[PDB]
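Chains as they are written, first to last, in UniProt numbering: chain A, 594 to 910, 918 to 948, 962 to 1023; chain B, 742 to 791; chain C, 51 to 198; chain D, 248 to 396; chain E, 100 to 297; chain F, 446 to 494.
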Amino acid sequence: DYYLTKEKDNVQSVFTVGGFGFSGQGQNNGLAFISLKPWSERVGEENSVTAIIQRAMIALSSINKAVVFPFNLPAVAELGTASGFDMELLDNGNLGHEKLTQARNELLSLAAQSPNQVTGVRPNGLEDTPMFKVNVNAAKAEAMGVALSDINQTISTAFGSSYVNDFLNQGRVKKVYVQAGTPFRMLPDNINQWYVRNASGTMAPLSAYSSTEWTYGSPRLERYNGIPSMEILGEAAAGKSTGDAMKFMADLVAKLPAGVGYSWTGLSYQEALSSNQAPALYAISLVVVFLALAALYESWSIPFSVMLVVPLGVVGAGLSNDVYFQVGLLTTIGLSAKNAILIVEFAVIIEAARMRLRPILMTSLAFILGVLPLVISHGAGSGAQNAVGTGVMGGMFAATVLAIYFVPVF
Amino acid sequence: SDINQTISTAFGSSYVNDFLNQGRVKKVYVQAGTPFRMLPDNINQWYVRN
Amino acid sequence: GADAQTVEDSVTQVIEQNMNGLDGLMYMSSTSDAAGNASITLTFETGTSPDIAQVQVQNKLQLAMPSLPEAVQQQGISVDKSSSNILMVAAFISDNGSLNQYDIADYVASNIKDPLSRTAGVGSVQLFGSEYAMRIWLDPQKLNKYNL
Amino acid sequence: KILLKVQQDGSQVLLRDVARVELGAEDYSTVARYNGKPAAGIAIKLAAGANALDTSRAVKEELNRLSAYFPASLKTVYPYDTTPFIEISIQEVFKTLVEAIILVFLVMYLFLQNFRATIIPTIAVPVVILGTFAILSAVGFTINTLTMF
Amino acid sequence: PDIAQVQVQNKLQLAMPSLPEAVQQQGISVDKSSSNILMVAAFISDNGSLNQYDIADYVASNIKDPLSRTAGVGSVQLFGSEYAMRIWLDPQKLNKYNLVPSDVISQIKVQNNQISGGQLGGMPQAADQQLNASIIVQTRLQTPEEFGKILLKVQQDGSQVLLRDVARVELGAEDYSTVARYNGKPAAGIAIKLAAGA
Amino acid sequence: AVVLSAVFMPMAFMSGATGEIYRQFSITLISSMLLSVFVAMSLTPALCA
Ligand SMILES: CCCCCCCCCCCCO[C@@H]1O[C@H](CO)[C@@H](O[C@H]2O[C@H](CO)[C@@H](O)[C@H](O)[C@H]2O)[C@H](O)[C@H]1O
Ligand SMILES: CCCCCCCCCCCCO[C@@H]1O[C@H](CO)[C@@H](O[C@H]2O[C@H](CO)[C@@H](O)[C@H](O)[C@H]2O)[C@H](O)[C@H]1O
Ligand SMILES: CCCCCCCCCCCCO[C@@H]1O[C@H](CO)[C@@H](O[C@H]2O[C@H](CO)[C@@H](O)[C@H](O)[C@H]2O)[C@H](O)[C@H]1O
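Dropping the structure here:
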């Protein structure tokens, strides 16, 4: 009603499915798909996905008896619905559900004590719920000639919809189910209405030898590699990378009682598998690029001896960089090398660089305006690209003017 | 059938079902005791219901 | 009609204990909810053939098939190379309201599900409904009346 | 009319006498609605290695073909369709490639001031770029952000 | 090897219904196992606090399946057995109470069983109820004294005949056919077979 | 182009997910200079003529 009454001008269809959710299937889970009108009718940024989502957040935070969380589909729906780290708390010590739950609560408390490192840490599983337990006095039932199997089968059939066989309906095979009626399985008092047959053929009610009590139980159990576990989510603090907070959480787990392990899954496992082998591949790539910048201008000849000083600059170089920029720096080094190349090979420079200063800025602008489509729809997203771009272009022009002349004497 | 099942269970450790031990599913076996299946004379100790 | 603990220790652990010896296996996670659903997700190494992995998993599952409870066997166990992404969602409604959700879902599952499911390019389909089933609602008082 | 028990007086005890038999849903755990009206839905998951656009066209054509046998009051609607986004994305990438080559031509023309002299790189570059696309397609390399670097 | 294993496992499924029930329950394994042995890992006890049964059970319960799923490992063989709730019958005591091993097996099957208890207020439910909770009826037995308290028969005077009165229930090895030692001390071992192509 | 093809030649004979990621650069690059050396000696002379 909120979507189709307050914002009819941008929504098209609301498809709500109850009893389903990403956390699993359950009576208390809800999910809704929203369809929007085409971009021709959605004009301006106020009718965009972000603005309507923000308005939905503001309006639906008023739902008192539920937690409604409108959100957009992430960039990669194959890896989850959000970012951060994915963590599994493994109970490899065979401690039990209660001990593991206490350990999880202790870890949450410890993480909340240092918000400067990890933000928004939260469990993923569901909390314990009251559950009904029926205790059957086997000795009492056996004393009056009632089989325990009959009692268990009666209860399971009445409250569990036991499946029997198949039947034909309009040329299709379909199942047959047997269950108690709706008004007979809604309250704890409903058990006292049931009867079972003894060996003599008479009936005795279930209340004669069964006792019921309220207990607690987990509605969802999680396992990892065959070991009981509970998922823990969260995101790194602002200004911090993933590795530092990840290690800090590792130490936090090291502070937990013995018998409790940990492991990373999803994106965190991928980044951990990348990081523990990244130095070796980076070293071999550096060796390969060194051979590349050692084979073209025949050995330490003119510039390749100043590129011999590049490793000192590399070793000189908590702030980090992403995977793409790690290859982007190598490509920048290569394009600077090529900016040198078609003049340095000519020398192998006055006239050569007079007729090759233009290609320097053609290649630079070609790279800039080739990575430009990756980010731009024209007009938007162009103001923030003039900071690095203009400075890099000026630095490259200065390098072309000066370095290919100083390096030969260097 | 009762006689054959009795002999097979007594001397063959018939498997029944599974049970939970320290969070792991493990099998349940039924067999005669050690000092009851060591000699040929041990068969005469067994009884079956009519 | 199974709780989380029951479904876990009766299905999930049994299947997991026989889920070894797989090529390129990365890790394995499983869940067991109170609705009676036991879901096990296996992640394989990048580049592994999905068909080969599915065949291996389905074969190794056959080892644990006789050890599972009879109701689970009758319900059937599905192994699919399903990705988490959803391509598209198709909805079916009634104009005059002549059909409730049960009729629409039954007709869909009986007629439109399996031709769409076997259409080229379709990995798997999920129905937001159920087919018909010859439900028999017992009455405890009447059953006690006739000694049944 | 299934017989269960015959009493001592010869009376029959049928299934309907102790239970209410009706044609009902196999699983009642899921409830779906559309704009508040009762409805049922199908979630179609793309097969691995299959392109989304052609698969969606096939699915839509199958639904249209099956629509001839529908009951008198049944219609089909699409509450969650992603393929128009894919189509508009490719329509935008063609535009972005053509404006990239246009701007390269403009820069080169600003250099030489001779359209006959300036055009040679303008047709030179896109052949290389589309040939590279052809090789990455033939090998089986996807059009991924790493490639678009 | 994968294609051959798949074909063999598929063709075996044809004969699966024709095999005896005990063989089916035991499970049939098809593996691309080579005869060579990569390495053998042994586990011992320092003070002798654990006999071979405890060591083998712990190994099979904790170290077997992570090592078995480790990359490059084709198959593993355990020189031991897990725990198994061994029930040693006594023919004289069974004859004393007029009991047969078949009824003992049936009673174990009944009482050591998990029963799907459903849930209160499940679908479909009334239109005005707010309570929805699972129902727990019976869970699989865990401890040996739990097995020893299984009811078998009630005599005419009301006395109960428990499992412990006719059998000695103890936690024992699943398979006693293998005995392993290390330098004369009790131990259990794992034979690691290299996977093909690794 | 020859030197770049040679230096990128032995990168495609090692495996790994990171290796497969690096293929998305290496293979496109070797194809890039191969196409470049083809086009510079084939296409542009015909045009300028
Ligand atoms: C129908 C064909 C002819 C009609 C023209 C429409 C399509 C052709 C596009 C050019 C017209 C737009 O003119 C505009 O000029 C600027 C400056 O030169 C260029 O765009 C520049 O500024 C915009 C605005 O910040 C940035 O997003 C962009 O990254 C940058 O390259 C584009 O060319 C275009 O955004
Ligand atoms: C006033 C200045 C105007 C300058 C405008 C400059 C560009 C702005 C956007 C225009 C894009 C329209 O471009 C349009 O794209 C569609 C596909 O989507 C193309 O359509 C083509 O592809 C589809 C398949 O995808 C085919 O079924 C169709 O037969 C074919 O012709 C058209 O060839 C083209 O008409
Ligand atoms: C004295 C204490 C020593 C402790 C040292 C701890 C780690 C230090 C760095 C060691 C890294 C060497 O790790 C090495 O990486 C290369 C790849 O680069 C791997 O080589 C592997 O990948 C390449 C492809 O990339 C394949 O062609 C090759 O057949 C394959 O075996 C080796 O499996 C491994 O031998």
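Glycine is no exception: its CB is placed at the ideal position from the N, C-alpha and C atoms.
Set against 7 Å, the gap from the CB of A85/C to the closest heavy atom of ligand 3 is not smaller. By the 16-neighbour rule on beta-carbons within 10 angstroms, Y802/A is buried. For the stretch 310-328 of chain D, the residues whose beta carbon sits under 7 Å from a beta carbon of chain A are, in order, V324, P326 and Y327. Beyond the five residues adjoining it in sequence on each side, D264/E comes within less than 6 Å, by CB distance, of no other residue in the same chain. DSSP places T976/A within a helical segment (H, G or I) once states are collapsed to three.
No Cβ of chain C is located within less than 8 Å of the beta carbon of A668/A.
For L761/B, at least one C-beta of chain C is nearer than 8 Å to its own C-beta. In this structure, DSSP gives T775/B a helical state, which the three-state scheme calls helix.
When 7 Å is used as the limit between beta carbons, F470/F is near these residues of chain A: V927, in chain order.
Near chain C, meaning a CB-to-CB distance below 9 Å, the residues of the stretch 754-780 of chain B are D759, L761, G764, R765 and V766. In this structure, the C-beta of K342/D approaches ligand 2 to less than 7 Å from one of its heavy atoms. Per DSSP, the continuous beta strand (DSSP E) segment holding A279/D begins and ends at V278 to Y281.
In this structure, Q55/C sits near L814/A, with a CB-CB distance shorter than 8 Å. For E735/A, the nearest CB of chain E lies under 8 Å from its own CB, placing it at the interface with that chain.
Burial check for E58/C: the Cβ neighbour count within 10 Å reaches 16 or more, so the residue is buried.
Counting along the chain, the unbroken alpha helix (DSSP H) around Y157/C starts and ends at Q151 to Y157.
Under the Cβ distance rule, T473/F counts among the residues neighbouring chain D, one pair being separated by less than 8 Å. Residue side-chain check: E334/D places its Cβ nearer than 7 Å to a non-hydrogen atom of ligand 2. The nearest non-hydrogen atom of ligand 3 is 7 Å or more from the C-beta of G147/E. Judged by the Cβ position, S160/C fails to qualify as a neighbour of ligand 1 at the 7 Å threshold, every heavy atom of the ligand being at least this far.
Under DSSP, the beta-bridge partners assigned to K768/B are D759/B. Proximity of the stretch 148-157 of chain C to the stretch 315-327 of chain D meets the contact definition, three or more beta-carbon pairs being nearer than 8 Å. Straight across, the Cα-Cα distance linking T365/D with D679/A is about 54 Å. Looking at the DSSP output, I825/A sits in a beta bridge with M680/A and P716/A. Leaving aside the five residues that flank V846/A on each side, the residues in its chain whose CB is nearer than 8 Å to its CB run, in chain order, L682, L700, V853, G854 and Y855. Bounds of the alpha helix (DSSP H) holding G836/A are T835 to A847.
Not a single CB atom of chain F sits nearer than 8 Å to the CB of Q998/A. In this structure, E273/E sits near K768/B, with a CB-CB distance shorter than 8 Å.
Under the three-state reduction of DSSP output, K292/E falls in the strand class.
For the 8 Å CB-CB criterion, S742/A and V209/E form a contact. Buried is the label assigned to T379/D, since at least 16 other Cβ atoms lie within 10 Å of its Cβ.
For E671/A, the C-beta contacts it makes with chain C under 9 Å involve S133, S134 and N135, in order along the chain. Close CB contacts of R778/A within its chain, under the 7 Å cut and outside five residues either way in sequence, are with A751 and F752 (chain order).
Annotation: the continuous alpha helix (DSSP H) that includes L449/F extends over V447 to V452. Of all residues in the stretch 982-1016 of chain A, those with a C-beta nearer than 9 Å to a C-beta of chain D are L982, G983, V984, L985, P986, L987, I989, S990 and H991, reading in chain order. Interface with chain A (8 Å Cβ-Cβ cutoff): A299/D is excluded.
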